[PDB]
Structure formats: C-alpha cells, structure tokens
Amino acid sequence: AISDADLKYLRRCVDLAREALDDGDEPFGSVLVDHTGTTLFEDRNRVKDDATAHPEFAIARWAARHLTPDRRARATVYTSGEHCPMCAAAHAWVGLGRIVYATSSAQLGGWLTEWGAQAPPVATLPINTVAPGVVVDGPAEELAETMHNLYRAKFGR
Amino acid sequence: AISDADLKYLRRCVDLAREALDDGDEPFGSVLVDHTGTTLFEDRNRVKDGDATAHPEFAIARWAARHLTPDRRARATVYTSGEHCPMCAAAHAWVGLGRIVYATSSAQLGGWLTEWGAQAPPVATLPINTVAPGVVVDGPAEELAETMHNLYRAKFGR
Ligand SMILES: C[As](C)(=O)[O-]
Ligand SMILES: C[As](C)(=O)[O-]
Ligand SMILES: [Zn+2]
Ligand SMILES: [Zn+2]
C-alpha cells in the first residue's frame, strides 16, 4: 500500500539522491516523518564528506538522539533505495516504524550486475530478513525508471 | 581455526564485555588488532544512554575507516566476544576490514535467549557470512562458552 501521500515523500527522496549524485556522492536519499505528518529529518549519502555514511543509518541515530521510543515507533522512514542490512538493522535496533522504499535492493543488485560492477561486499538482503518485525512497503513502479537513471549516472560503465 | 594467540585476544574481549555490564551496559566487547599483532582500538557496548546502535564492532568499523588505509584494514583482525550482529557485520564489510574471530556465535546467543524465556532481539541473528559473504570468520571458542553463557544470563536472562 503506497498512497499518493507516500509517493510525494518518495519523490523528495529521489530529489535528495540526485542532490547527492550532483555533489559527488552516491544517489541515496531518505526522509524521516512523524506520525503526525511533519518531516523530522532528511538526509542523503555522504560517502565523500566513510562507506558507512548512509542516510538511513543517520536517520536511525538522529531518531535515537532526538525522539522518544514512542515517537520512533510511530514514525515512518521513506527511502529512494531499500535499506542495506547495516541500515535495516540500525532502524530495528532504535525501534523505528514503517519503511517505504522506491526501489528494492534486488533491483539495484540486478542493475549493478548488468553494468559489470563487481559485487558489493554486503549481501542485498530484504529488509525483513534482517528486521523481521518491520512493516515494509515498496517498490514504487512510478519511480523505477527515474531511479534506474540515477543509478546509471553513478554506477553505469 | 582458534589459536592460542587468538584466544588471548578473545579473553580481552570478555573482559571488555564484563566492564560494560559492570557500568550498566550490555556485555559486548571488541578489539582491533593489526597484522603486526598490535592492538589499535578496543571498545565495548555503550547503549545505556539510549542509542541501541552503540555497538563496539560498529565503532571499530568507523574507527578503522577514519584512521587506517584500505590496505591496513584488510590485513587487520577484529576480535569480539559475540558474533557481529547484521548492523556490525555490514559495517565491517563496507569499510573493508579483514578477519573476524568471535568467542560466542549468534546461534549460541539466540538459543540461550529462548532457553531463558527472553524476548528475541528485533534484528535477526544472521551469521556474519549471510550478511558479508567474503569475510573470513573464525569461532566460536569452546573454552569461553561457559563464561559467556553466565555473562549473557546475567544481563538477559532475568
Ligand atoms: C539503500 As542504502 C545503500 O543507503 O542502505
Ligand atoms: C555482537 As553485537 C550485539 O555488539 O553486534
Ligand atoms: Zn545502508
Ligand atoms: Zn552489532
């Protein structure tokens, strides 16, 4: 279930991923939203300015520092790309709520393989393999081509 | 695959885990050792201030990314009292660290929790190589099973 409201936030994730691309980083963007609708924190990949500089992970730590457990449980995380296992686990450790993603890690994995990219050193596990209790929605068919194009800009060869 | 020298570092990890439990934190301890046998960085769990991501293996991955070249990372070993959760195993692999040696597996931990009637963590106890297929992993250490059973029971089995 991805509503029109969820798509709007996913579009903002895509914009953040493009901000990252244009700054020399990798095209991953994410947004943290309170149950009450309000955007709490937005981020993107900052690999240039540690390979662990993932925005979803920054979200998890920001949430643990700024929000009570009750507010974390009720918050939603939107993301352009489905969390890697590092980030899915961090999300569950700090007790955040629903995740909605635009493109799956399986999708990205298949595209990387087409570009002849040597396999990343972390497996593309579905969020629920890592974090079984998290409610996960995605991918968003409307945004597949756009994300393919952003990924091609960074990782195509 | 567990040498005398490896076991000595695992005993240091256990001591770090005990330090953590005595300070109010969870009993997890880890040490980063370079290819010359020199300890570079030691750490322990620090979750009690409210950040459940304050794991020592993740601190080591970030420390290593800041302080070590890619070549030095690849040749360093991470010793740990408990096998890396998926968060920490992924971070380890993303930063390009080398071998991991652990005293107790995640299979041991998960089996003990269910023995004790304790709630499972919200992160699945995936073995390191499910998350990070290329990392060389050694453990667990039979010599340390009873100690770590006792230590995890103290924190998680009440
Ligand atoms: C979707 As990611 C590589 O920022 O965990
Ligand atoms: C063995 As652990 C919970 O510090 O990743
Ligand atoms: Zn990630
Ligand atoms: Zn961990």
# chains A, B, ... in the order shown; residues from 1 in each chain; ligands from 1

call {"tool": "interface_residues", "arguments": {"of": "chain A", "to": "chain B", "cutoff": "12 Å", "atoms": "only C-alpha atoms", "output": "PyMOL selection string"}}
result
chain A and resi 47+49-54+57-69+83-97+119-134

call {"tool": "write_last_selection", "arguments": {"atoms": "C-alpha atoms", "output": "PDB file, in the first residue's frame"}}
result
ATOM      1  CA  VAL A  47      30.446   8.819   1.221  1.00  0.00           C
ATOM      2  CA  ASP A  49      32.310  14.157   3.224  1.00  0.00           C
ATOM      3  CA  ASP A  50      33.461   6.604   5.036  1.00  0.00           C
ATOM      4  CA  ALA A  51      31.457   3.933   3.083  1.00  0.00           C
ATOM      5  CA  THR A  52      29.015   3.687   6.031  1.00  0.00           C
ATOM      6  CA  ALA A  53      27.720   7.306   5.517  1.00  0.00           C
ATOM      7  CA  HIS A  54      24.271   6.016   4.562  1.00  0.00           C
ATOM      8  CA  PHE A  57      21.719   4.974   9.270  1.00  0.00           C
ATOM      9  CA  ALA A  58      21.986   8.741  10.002  1.00  0.00           C
ATOM     10  CA  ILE A  59      18.243   8.699  10.435  1.00  0.00           C
ATOM     11  CA  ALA A  60      18.384   5.888  12.987  1.00  0.00           C
ATOM     12  CA  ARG A  61      20.977   7.703  15.071  1.00  0.00           C
ATOM     13  CA  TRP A  62      19.192  11.052  14.796  1.00  0.00           C
ATOM     14  CA  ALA A  63      15.980   9.382  15.920  1.00  0.00           C
ATOM     15  CA  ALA A  64      17.642   7.700  18.915  1.00  0.00           C
ATOM     16  CA  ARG A  65      19.104  11.087  19.967  1.00  0.00           C
ATOM     17  CA  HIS A  66      16.008  13.315  19.362  1.00  0.00           C
ATOM     18  CA  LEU A  67      12.851  11.250  19.713  1.00  0.00           C
ATOM     19  CA  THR A  68      11.316   9.202  22.467  1.00  0.00           C
ATOM     20  CA  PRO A  69      10.757   5.475  21.888  1.00  0.00           C
ATOM     21  CA  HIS A  83      17.937  -0.236   3.248  1.00  0.00           C
ATOM     22  CA  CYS A  84      21.081  -2.346   3.135  1.00  0.00           C
ATOM     23  CA  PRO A  85      21.481  -4.726   6.064  1.00  0.00           C
ATOM     24  CA  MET A  86      23.501  -2.209   8.040  1.00  0.00           C
ATOM     25  CA  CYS A  87      20.680   0.301   7.876  1.00  0.00           C
ATOM     26  CA  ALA A  88      17.756  -2.174   8.277  1.00  0.00           C
ATOM     27  CA  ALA A  89      19.329  -3.454  11.447  1.00  0.00           C
ATOM     28  CA  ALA A  90      20.014   0.046  12.825  1.00  0.00           C
ATOM     29  CA  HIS A  91      16.363   1.017  12.100  1.00  0.00           C
ATOM     30  CA  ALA A  92      15.118  -2.012  14.081  1.00  0.00           C
ATOM     31  CA  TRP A  93      17.658  -1.515  16.903  1.00  0.00           C
ATOM     32  CA  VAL A  94      16.381   2.009  17.595  1.00  0.00           C
ATOM     33  CA  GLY A  95      12.688   0.890  17.196  1.00  0.00           C
ATOM     34  CA  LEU A  96      11.638   2.996  14.215  1.00  0.00           C
ATOM     35  CA  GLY A  97       8.339   2.130  12.425  1.00  0.00           C
ATOM     36  CA  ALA A 119      29.511  -7.436  -6.340  1.00  0.00           C
ATOM     37  CA  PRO A 120      29.329  -5.255  -3.212  1.00  0.00           C
ATOM     38  CA  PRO A 121      30.803  -6.868  -0.119  1.00  0.00           C
ATOM     39  CA  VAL A 122      27.404  -6.768   1.735  1.00  0.00           C
ATOM     40  CA  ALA A 123      24.618  -9.007   0.503  1.00  0.00           C
ATOM     41  CA  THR A 124      21.377  -7.469  -0.831  1.00  0.00           C
ATOM     42  CA  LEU A 125      19.126  -8.979   1.904  1.00  0.00           C
ATOM     43  CA  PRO A 126      15.455  -7.889   2.007  1.00  0.00           C
ATOM     44  CA  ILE A 127      14.737  -5.692   4.992  1.00  0.00           C
ATOM     45  CA  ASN A 128      12.594  -8.403   6.587  1.00  0.00           C
ATOM     46  CA  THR A 129      15.421 -10.947   6.503  1.00  0.00           C
ATOM     47  CA  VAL A 130      17.303  -8.581   8.750  1.00  0.00           C
ATOM     48  CA  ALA A 131      14.491  -6.937  10.701  1.00  0.00           C
ATOM     49  CA  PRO A 132      11.580  -9.347  10.742  1.00  0.00           C
ATOM     50  CA  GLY A 133       9.062  -7.233  12.582  1.00  0.00           C
ATOM     51  CA  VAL A 134       9.330  -4.054  10.443  1.00  0.00           C
TER      52      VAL A 134
END

call {"tool": "residues_near_ligand", "arguments": {"ligand": "ligand 2", "cutoff": "9 Å", "atoms": "only C-alpha atoms and all ligand atoms", "output": "ChimeraX atom specification"}}
result
/B:26-30,44-45,53-58,80-89,102,104-106

call {"tool": "select_by_dssp", "arguments": {"residues": "chain B", "states": "alpha helix (DSSP H)", "output": "ChimeraX atom specification"}}
result
/B:4-22,56-67,70-75,86-94,106-115,128-131,145-156

call {"tool": "residues_around", "arguments": {"residues": "residue 145 in chain B", "least_positions_apart": "2", "cutoff": "12 Å", "atoms": "only C-alpha atoms", "output": "NGL selection string"}}
result
:B and (10-11 or 14 or 81-82 or 102-105 or 108-109 or 112 or 139-143 or 147-153)

call {"tool": "write_last_selection", "arguments": {"atoms": "N, CA, C and O atoms", "output": "compact mmCIF listing (two decimals), in the first residue's frame"}}
result
# COMPACT_ATOMS: atom_id res chain seq x y z
N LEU B 10 40.52 -12.97 22.55
CA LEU B 10 39.10 -13.20 22.91
C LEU B 10 38.88 -13.02 24.42
O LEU B 10 37.86 -12.46 24.82
N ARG B 11 39.85 -13.44 25.25
CA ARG B 11 39.77 -13.21 26.68
C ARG B 11 39.76 -11.71 27.04
O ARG B 11 39.03 -11.30 27.97
N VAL B 14 36.19 -10.56 26.41
CA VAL B 14 35.36 -10.96 27.51
C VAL B 14 35.55 -10.00 28.64
O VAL B 14 34.55 -9.53 29.24
N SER B 81 33.72 -10.58 21.54
CA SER B 81 33.09 -11.54 22.46
C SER B 81 31.88 -12.22 21.89
O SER B 81 31.62 -13.41 22.14
N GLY B 82 31.10 -11.48 21.11
CA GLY B 82 29.91 -12.04 20.46
C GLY B 82 29.95 -11.77 18.99
O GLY B 82 30.37 -10.68 18.55
N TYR B 102 35.29 -14.57 16.79
CA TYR B 102 34.33 -14.35 17.87
C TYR B 102 34.32 -15.48 18.90
O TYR B 102 34.65 -16.62 18.58
N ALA B 103 34.02 -15.13 20.16
CA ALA B 103 34.04 -16.10 21.20
C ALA B 103 32.75 -16.92 21.28
O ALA B 103 32.84 -18.12 21.56
N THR B 104 31.62 -16.29 21.02
CA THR B 104 30.31 -16.94 21.02
C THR B 104 29.55 -16.57 19.77
O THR B 104 29.59 -15.41 19.31
N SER B 105 28.86 -17.52 19.19
CA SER B 105 28.16 -17.25 17.96
C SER B 105 26.86 -16.59 18.27
O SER B 105 26.34 -16.71 19.40
N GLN B 108 24.50 -19.34 19.44
CA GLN B 108 24.55 -19.59 20.84
C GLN B 108 23.68 -18.59 21.55
O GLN B 108 22.91 -18.95 22.47
N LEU B 109 23.83 -17.31 21.21
CA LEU B 109 23.09 -16.28 21.92
C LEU B 109 21.60 -16.46 21.76
O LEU B 109 20.88 -16.41 22.74
N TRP B 112 20.29 -19.45 23.75
CA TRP B 112 20.24 -19.13 25.21
C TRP B 112 19.05 -18.25 25.54
O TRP B 112 18.37 -18.49 26.54
N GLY B 139 35.45 -18.98 14.83
CA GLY B 139 34.80 -19.06 16.14
C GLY B 139 33.69 -20.05 16.03
O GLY B 139 33.37 -20.50 14.93
N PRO B 140 33.03 -20.35 17.13
CA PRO B 140 33.25 -19.78 18.48
C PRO B 140 34.37 -20.50 19.22
O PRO B 140 34.95 -21.48 18.69
N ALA B 141 34.67 -20.05 20.44
CA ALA B 141 35.69 -20.62 21.31
C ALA B 141 35.05 -21.46 22.44
O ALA B 141 34.44 -20.93 23.38
N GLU B 142 35.21 -22.78 22.37
CA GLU B 142 34.62 -23.76 23.36
C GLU B 142 35.06 -23.33 24.74
O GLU B 142 34.25 -23.40 25.69
N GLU B 143 36.30 -22.87 24.90
CA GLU B 143 36.84 -22.51 26.22
C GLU B 143 36.06 -21.41 26.92
O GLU B 143 36.17 -21.25 28.12
N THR B 147 31.68 -19.22 30.41
CA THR B 147 31.79 -17.81 30.85
C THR B 147 30.73 -16.94 30.16
O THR B 147 30.04 -16.18 30.80
N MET B 148 30.61 -17.06 28.85
CA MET B 148 29.67 -16.19 28.12
C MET B 148 28.20 -16.57 28.35
O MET B 148 27.34 -15.67 28.42
N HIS B 149 27.92 -17.87 28.54
CA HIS B 149 26.64 -18.26 29.00
C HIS B 149 26.31 -17.50 30.28
O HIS B 149 25.20 -16.94 30.42
N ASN B 150 27.24 -17.51 31.22
CA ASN B 150 26.97 -16.92 32.57
C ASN B 150 26.77 -15.40 32.43
O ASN B 150 25.89 -14.79 33.05
N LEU B 151 27.60 -14.80 31.61
CA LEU B 151 27.61 -13.34 31.44
C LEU B 151 26.34 -12.83 30.70
O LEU B 151 25.66 -11.88 31.15
N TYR B 152 25.94 -13.53 29.63
CA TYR B 152 24.70 -13.18 28.93
C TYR B 152 23.48 -13.45 29.84
O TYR B 152 22.52 -12.69 29.80
N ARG B 153 23.52 -14.52 30.62
CA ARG B 153 22.42 -14.83 31.53
C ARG B 153 22.21 -13.69 32.53
O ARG B 153 21.05 -13.25 32.78

call {"tool": "residues_around", "arguments": {"residues": "residue 102 in chain A", "least_positions_apart": "6", "cutoff": "10 Å", "atoms": "only C-alpha atoms", "output": "ChimeraX atom specification"}}
result
/A:2,6-7,9-11,13-14,78-82,137-144,146-147

call {"tool": "write_last_selection", "arguments": {"atoms": "N, CA, C and O atoms", "output": "PDB file, in the first residue's frame"}}
result
ATOM      1  N   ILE A   2       1.022   1.894  -1.140  1.00  0.00           N
ATOM      2  CA  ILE A   2       1.719   3.154  -1.268  1.00  0.00           C
ATOM      3  C   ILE A   2       0.706   4.174  -1.764  1.00  0.00           C
ATOM      4  O   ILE A   2       0.281   4.140  -2.914  1.00  0.00           O
ATOM      5  N   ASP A   6       2.428   8.939   0.276  1.00  0.00           N
ATOM      6  CA  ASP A   6       3.732   8.169   0.398  1.00  0.00           C
ATOM      7  C   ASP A   6       4.556   8.519  -0.843  1.00  0.00           C
ATOM      8  O   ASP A   6       5.758   8.726  -0.750  1.00  0.00           O
ATOM      9  N   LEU A   7       3.916   8.608  -2.017  1.00  0.00           N
ATOM     10  CA  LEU A   7       4.688   8.916  -3.259  1.00  0.00           C
ATOM     11  C   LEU A   7       5.314  10.242  -3.246  1.00  0.00           C
ATOM     12  O   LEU A   7       6.425  10.410  -3.768  1.00  0.00           O
ATOM     13  N   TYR A   9       6.486  11.801  -0.623  1.00  0.00           N
ATOM     14  CA  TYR A   9       7.718  11.707   0.159  1.00  0.00           C
ATOM     15  C   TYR A   9       8.832  10.936  -0.601  1.00  0.00           C
ATOM     16  O   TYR A   9      10.002  11.272  -0.487  1.00  0.00           O
ATOM     17  N   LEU A  10       8.456   9.879  -1.318  1.00  0.00           N
ATOM     18  CA  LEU A  10       9.428   9.136  -2.114  1.00  0.00           C
ATOM     19  C   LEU A  10      10.037  10.032  -3.157  1.00  0.00           C
ATOM     20  O   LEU A  10      11.255   9.975  -3.392  1.00  0.00           O
ATOM     21  N   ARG A  11       9.217  10.858  -3.826  1.00  0.00           N
ATOM     22  CA  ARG A  11       9.797  11.886  -4.751  1.00  0.00           C
ATOM     23  C   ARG A  11      10.815  12.820  -4.112  1.00  0.00           C
ATOM     24  O   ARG A  11      11.803  13.159  -4.730  1.00  0.00           O
ATOM     25  N   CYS A  13      12.665  11.914  -1.608  1.00  0.00           N
ATOM     26  CA  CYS A  13      13.857  11.002  -1.513  1.00  0.00           C
ATOM     27  C   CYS A  13      14.684  10.946  -2.815  1.00  0.00           C
ATOM     28  O   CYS A  13      15.922  10.986  -2.799  1.00  0.00           O
ATOM     29  N   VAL A  14      13.990  10.880  -3.956  1.00  0.00           N
ATOM     30  CA  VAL A  14      14.652  10.849  -5.232  1.00  0.00           C
ATOM     31  C   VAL A  14      15.416  12.181  -5.427  1.00  0.00           C
ATOM     32  O   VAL A  14      16.581  12.175  -5.904  1.00  0.00           O
ATOM     33  N   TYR A  78      10.954   7.042   4.775  1.00  0.00           N
ATOM     34  CA  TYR A  78      10.935   6.903   3.313  1.00  0.00           C
ATOM     35  C   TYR A  78      12.310   6.848   2.783  1.00  0.00           C
ATOM     36  O   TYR A  78      13.163   7.580   3.245  1.00  0.00           O
ATOM     37  N   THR A  79      12.528   6.047   1.770  1.00  0.00           N
ATOM     38  CA  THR A  79      13.843   5.994   1.160  1.00  0.00           C
ATOM     39  C   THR A  79      13.852   5.716  -0.328  1.00  0.00           C
ATOM     40  O   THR A  79      12.997   5.009  -0.807  1.00  0.00           O
ATOM     41  N   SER A  80      14.806   6.296  -1.058  1.00  0.00           N
ATOM     42  CA  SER A  80      14.896   6.027  -2.512  1.00  0.00           C
ATOM     43  C   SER A  80      15.258   4.556  -2.818  1.00  0.00           C
ATOM     44  O   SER A  80      14.777   3.945  -3.775  1.00  0.00           O
ATOM     45  N   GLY A  81      16.149   3.985  -1.983  1.00  0.00           N
ATOM     46  CA  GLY A  81      16.645   2.628  -2.194  1.00  0.00           C
ATOM     47  C   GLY A  81      16.389   1.866  -0.905  1.00  0.00           C
ATOM     48  O   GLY A  81      16.725   2.354   0.195  1.00  0.00           O
ATOM     49  N   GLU A  82      15.852   0.678  -1.037  1.00  0.00           N
ATOM     50  CA  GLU A  82      15.679  -0.219   0.128  1.00  0.00           C
ATOM     51  C   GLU A  82      16.984  -0.332   0.981  1.00  0.00           C
ATOM     52  O   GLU A  82      18.037  -0.678   0.485  1.00  0.00           O
ATOM     53  N   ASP A 137       6.897  -1.392   2.869  1.00  0.00           N
ATOM     54  CA  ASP A 137       6.186  -1.224   1.599  1.00  0.00           C
ATOM     55  C   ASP A 137       7.115  -0.755   0.498  1.00  0.00           C
ATOM     56  O   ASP A 137       8.005   0.056   0.712  1.00  0.00           O
ATOM     57  N   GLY A 138       6.905  -1.271  -0.692  1.00  0.00           N
ATOM     58  CA  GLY A 138       7.722  -0.884  -1.864  1.00  0.00           C
ATOM     59  C   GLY A 138       7.848  -2.086  -2.741  1.00  0.00           C
ATOM     60  O   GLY A 138       7.453  -3.210  -2.300  1.00  0.00           O
ATOM     61  N   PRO A 139       8.377  -1.951  -3.950  1.00  0.00           N
ATOM     62  CA  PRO A 139       8.855  -0.728  -4.543  1.00  0.00           C
ATOM     63  C   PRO A 139       7.728   0.106  -5.122  1.00  0.00           C
ATOM     64  O   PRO A 139       6.577  -0.319  -5.117  1.00  0.00           O
ATOM     65  N   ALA A 140       8.050   1.279  -5.629  1.00  0.00           N
ATOM     66  CA  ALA A 140       7.068   2.162  -6.285  1.00  0.00           C
ATOM     67  C   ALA A 140       7.311   2.150  -7.817  1.00  0.00           C
ATOM     68  O   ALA A 140       8.317   2.766  -8.297  1.00  0.00           O
ATOM     69  N   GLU A 141       6.431   1.428  -8.571  1.00  0.00           N
ATOM     70  CA  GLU A 141       6.592   1.278 -10.042  1.00  0.00           C
ATOM     71  C   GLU A 141       6.772   2.602 -10.757  1.00  0.00           C
ATOM     72  O   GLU A 141       7.636   2.643 -11.617  1.00  0.00           O
ATOM     73  N   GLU A 142       6.072   3.682 -10.324  1.00  0.00           N
ATOM     74  CA  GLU A 142       6.144   5.048 -10.894  1.00  0.00           C
ATOM     75  C   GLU A 142       7.549   5.581 -10.902  1.00  0.00           C
ATOM     76  O   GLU A 142       7.823   6.460 -11.661  1.00  0.00           O
ATOM     77  N   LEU A 143       8.419   5.121  -9.999  1.00  0.00           N
ATOM     78  CA  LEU A 143       9.718   5.713  -9.816  1.00  0.00           C
ATOM     79  C   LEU A 143      10.846   4.795 -10.257  1.00  0.00           C
ATOM     80  O   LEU A 143      12.008   5.213 -10.126  1.00  0.00           O
ATOM     81  N   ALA A 144      10.563   3.619 -10.809  1.00  0.00           N
ATOM     82  CA  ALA A 144      11.615   2.679 -11.182  1.00  0.00           C
ATOM     83  C   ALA A 144      12.620   3.199 -12.240  1.00  0.00           C
ATOM     84  O   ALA A 144      13.859   3.116 -12.013  1.00  0.00           O
ATOM     85  N   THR A 146      13.141   6.413 -13.187  1.00  0.00           N
ATOM     86  CA  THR A 146      13.908   7.527 -12.638  1.00  0.00           C
ATOM     87  C   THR A 146      15.093   7.084 -11.803  1.00  0.00           C
ATOM     88  O   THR A 146      16.184   7.573 -11.919  1.00  0.00           O
ATOM     89  N   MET A 147      14.837   6.153 -10.901  1.00  0.00           N
ATOM     90  CA  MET A 147      15.925   5.590 -10.093  1.00  0.00           C
ATOM     91  C   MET A 147      16.974   4.799 -10.912  1.00  0.00           C
ATOM     92  O   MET A 147      18.145   4.977 -10.667  1.00  0.00           O
TER      93      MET A 147
END

call {"tool": "select_by_dssp", "arguments": {"residues": "chain A", "states": "strand (DSSP E)", "output": "ChimeraX atom specification"}}
result
/A:29-33,39-44,76-81,99-103,136-137

call {"tool": "closest_residue", "arguments": {"among": "A:153, A:75, A:135, A:99", "to": "ligand 1", "atoms": "only C-alpha atoms and all ligand atoms"}}
result
A:99

call {"tool": "residues_around", "arguments": {"residues": "residue 44 in chain A", "least_positions_apart": "3", "cutoff": "6 Å", "atoms": "only C-alpha atoms", "output": "PyMOL selection string"}}
result
chain A and resi 16+28-29+55

call {"tool": "residues_around", "arguments": {"residues": "residue 79 in chain B", "least_positions_apart": "6", "cutoff": "8 Å", "atoms": "only C-alpha atoms", "output": "VMD selection string"}}
result
chain B and resid 6 9 to 10 13 30 to 33 100 to 102

call {"tool": "atom_distance", "arguments": {"atom1": "CA of residue 74 in chain A", "atom2": "CA of residue 35 in chain A"}}
result
5.4 Å

call {"tool": "atom_distance", "arguments": {"atom1": "CA of residue 40 in chain B", "atom2": "CA of residue 68 in chain B"}}
result
9.8 Å

call {"tool": "closest_residue", "arguments": {"among": "A:31, A:117, A:106, A:150", "to": "residue 8 in chain A", "atoms": "only C-alpha atoms"}}
result
A:31

call {"tool": "decode", "arguments": {"residues": "range 38-62 of chain A", "atoms": "N, CA and C atoms", "output": "PDB file, in the first residue's frame"}}
result
ATOM      1  N   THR A  38       4.521  15.606   9.877  1.00  0.00           N
ATOM      2  CA  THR A  38       5.648  16.508   9.785  1.00  0.00           C
ATOM      3  C   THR A  38       6.974  15.786   9.449  1.00  0.00           C
ATOM      4  N   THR A  39       7.738  16.337   8.499  1.00  0.00           N
ATOM      5  CA  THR A  39       9.120  15.902   8.230  1.00  0.00           C
ATOM      6  C   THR A  39       9.991  16.256   9.414  1.00  0.00           C
ATOM      7  N   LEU A  40      10.691  15.282   9.986  1.00  0.00           N
ATOM      8  CA  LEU A  40      11.579  15.497  11.124  1.00  0.00           C
ATOM      9  C   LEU A  40      13.047  15.668  10.702  1.00  0.00           C
ATOM     10  N   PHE A  41      13.497  14.905   9.707  1.00  0.00           N
ATOM     11  CA  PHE A  41      14.903  14.885   9.349  1.00  0.00           C
ATOM     12  C   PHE A  41      15.034  14.248   7.962  1.00  0.00           C
ATOM     13  N   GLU A  42      15.885  14.853   7.170  1.00  0.00           N
ATOM     14  CA  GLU A  42      16.128  14.427   5.813  1.00  0.00           C
ATOM     15  C   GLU A  42      17.611  14.232   5.652  1.00  0.00           C
ATOM     16  N   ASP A  43      18.025  13.255   4.835  1.00  0.00           N
ATOM     17  CA  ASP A  43      19.477  13.088   4.579  1.00  0.00           C
ATOM     18  C   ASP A  43      19.773  12.369   3.272  1.00  0.00           C
ATOM     19  N   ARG A  44      21.015  12.356   2.904  1.00  0.00           N
ATOM     20  CA  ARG A  44      21.480  11.637   1.729  1.00  0.00           C
ATOM     21  C   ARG A  44      22.851  11.089   1.975  1.00  0.00           C
ATOM     22  N   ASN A  45      23.318  10.221   1.081  1.00  0.00           N
ATOM     23  CA  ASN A  45      24.615   9.558   1.149  1.00  0.00           C
ATOM     24  C   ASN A  45      25.772  10.617   1.166  1.00  0.00           C
ATOM     25  N   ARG A  46      26.737  10.409   2.041  1.00  0.00           N
ATOM     26  CA  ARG A  46      27.857  11.341   2.237  1.00  0.00           C
ATOM     27  C   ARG A  46      29.151  10.613   2.229  1.00  0.00           C
ATOM     28  N   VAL A  47      29.257   9.692   1.295  1.00  0.00           N
ATOM     29  CA  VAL A  47      30.446   8.819   1.221  1.00  0.00           C
ATOM     30  C   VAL A  47      31.702   9.735   1.036  1.00  0.00           C
ATOM     31  N   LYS A  48      31.619  10.739   0.191  1.00  0.00           N
ATOM     32  CA  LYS A  48      32.788  11.631   0.135  1.00  0.00           C
ATOM     33  C   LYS A  48      33.098  12.434   1.475  1.00  0.00           C
ATOM     34  N   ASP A  49      32.112  13.108   2.122  1.00  0.00           N
ATOM     35  CA  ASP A  49      32.310  14.157   3.224  1.00  0.00           C
ATOM     36  C   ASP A  49      31.369  14.007   4.422  1.00  0.00           C
ATOM     37  N   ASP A  50      34.010   7.731   4.374  1.00  0.00           N
ATOM     38  CA  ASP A  50      33.461   6.604   5.036  1.00  0.00           C
ATOM     39  C   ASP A  50      32.278   5.894   4.269  1.00  0.00           C
ATOM     40  N   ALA A  51      32.500   4.672   3.799  1.00  0.00           N
ATOM     41  CA  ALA A  51      31.457   3.933   3.083  1.00  0.00           C
ATOM     42  C   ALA A  51      30.174   3.682   3.913  1.00  0.00           C
ATOM     43  N   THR A  52      30.204   3.883   5.231  1.00  0.00           N
ATOM     44  CA  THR A  52      29.015   3.687   6.031  1.00  0.00           C
ATOM     45  C   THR A  52      28.137   4.948   6.177  1.00  0.00           C
ATOM     46  N   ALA A  53      28.475   6.026   5.459  1.00  0.00           N
ATOM     47  CA  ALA A  53      27.720   7.306   5.517  1.00  0.00           C
ATOM     48  C   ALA A  53      26.359   7.236   4.785  1.00  0.00           C
ATOM     49  N   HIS A  54      25.549   6.223   5.173  1.00  0.00           N
ATOM     50  CA  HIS A  54      24.271   6.016   4.562  1.00  0.00           C
ATOM     51  C   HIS A  54      23.232   6.859   5.277  1.00  0.00           C
ATOM     52  N   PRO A  55      22.276   7.400   4.484  1.00  0.00           N
ATOM     53  CA  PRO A  55      21.305   8.313   5.127  1.00  0.00           C
ATOM     54  C   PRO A  55      20.351   7.609   6.089  1.00  0.00           C
ATOM     55  N   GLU A  56      19.996   6.352   5.793  1.00  0.00           N
ATOM     56  CA  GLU A  56      19.070   5.655   6.677  1.00  0.00           C
ATOM     57  C   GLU A  56      19.720   5.421   8.042  1.00  0.00           C
ATOM     58  N   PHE A  57      21.021   5.152   8.028  1.00  0.00           N
ATOM     59  CA  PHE A  57      21.719   4.974   9.270  1.00  0.00           C
ATOM     60  C   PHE A  57      21.765   6.281  10.079  1.00  0.00           C
ATOM     61  N   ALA A  58      22.029   7.402   9.359  1.00  0.00           N
ATOM     62  CA  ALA A  58      21.986   8.741  10.002  1.00  0.00           C
ATOM     63  C   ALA A  58      20.635   9.007  10.599  1.00  0.00           C
ATOM     64  N   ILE A  59      19.609   8.607   9.888  1.00  0.00           N
ATOM     65  CA  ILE A  59      18.243   8.699  10.435  1.00  0.00           C
ATOM     66  C   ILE A  59      18.073   7.936  11.767  1.00  0.00           C
ATOM     67  N   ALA A  60      18.512   6.698  11.785  1.00  0.00           N
ATOM     68  CA  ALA A  60      18.384   5.888  12.987  1.00  0.00           C
ATOM     69  C   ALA A  60      19.065   6.561  14.195  1.00  0.00           C
ATOM     70  N   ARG A  61      20.304   7.002  14.011  1.00  0.00           N
ATOM     71  CA  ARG A  61      20.977   7.703  15.071  1.00  0.00           C
ATOM     72  C   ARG A  61      20.345   9.046  15.458  1.00  0.00           C
ATOM     73  N   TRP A  62      19.886   9.790  14.482  1.00  0.00           N
ATOM     74  CA  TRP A  62      19.192  11.052  14.796  1.00  0.00           C
ATOM     75  C   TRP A  62      17.929  10.771  15.616  1.00  0.00           C
TER      76      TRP A  62
END
